[PDB]
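One chain is shown next in structure tokens, namely the form deposited in one PDB entry.
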């Protein structure tokens, strides 16, 4: 009968749908590999999908996934066991080397452009018309670390023009230089900006940006990566 037909059709359909949805989700990261980075023997039931091509706007070129996967950077790690499945330890300074909770990806070294081809993120001083409309203004406040030590001062808010959102805080360090801090990794308080992920002596360690009026995708990744890893790696100095 109908209902009984309608229902089997559905199950058959739903299986192809899953199939499709599964392979679509294999455009990045595949094929799999062994810990040494050679192609892994078993790749699973689902095959790789055929390539698709994105037309990045603003003359930025194209992108085709799936495609050749490469870290395009060195990985300071060494095996801790003679078999698969175990942690790989940092052969140097995880923070400095960018491994583990402080990893970063080698993204394009350009900034993200908005709909019109303009830089998406700009320091507020260069953002005509932009101003703090609500909440406490961080510009001017001192910056404390997980060790309750002052490390610098906020001298500006870098903002997202199209989304109109505060994204980074520019912080001036002892040697008059600045660094960028993720808006998401800081606690703006009445008379101070508290940063838990890092101890005062780690701020100078934050990666720096070539130009002082823009951040490139690659730079944001190293900056955020570094700050996030402080959660695990700063821990010795972090108190309270």
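Heads up, when I say rigid core I mean the largest set of C-alphas that superpose within 1.5 Å between the two forms. Residue numbers count along the first chain shown, from 1.
One more form of this protein should be noted, the form deposited in another entry, which is absent from this view; the next part is about it.
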item	value
Single mover in 212, 176, 51, 44, with Cα shift of 2 Å or more between the shown form and the other one when the core is superposed	44
Rigid-core frame, C-alpha of residue 30, shift of 2 angstroms or more between the shown form and the other one	yes
Residue 14 C-alpha shift between the shown form and the other one of 2 Å or more, rigid core reference	no
Direction of the Cα shift between residue 94 and residue 37 in that other deposited form, where the change is 3 Å or more	farther
Cα-Cα shift for residue 28 and residue 105, closer or farther in that other deposited form, minimum 3 Å	farther
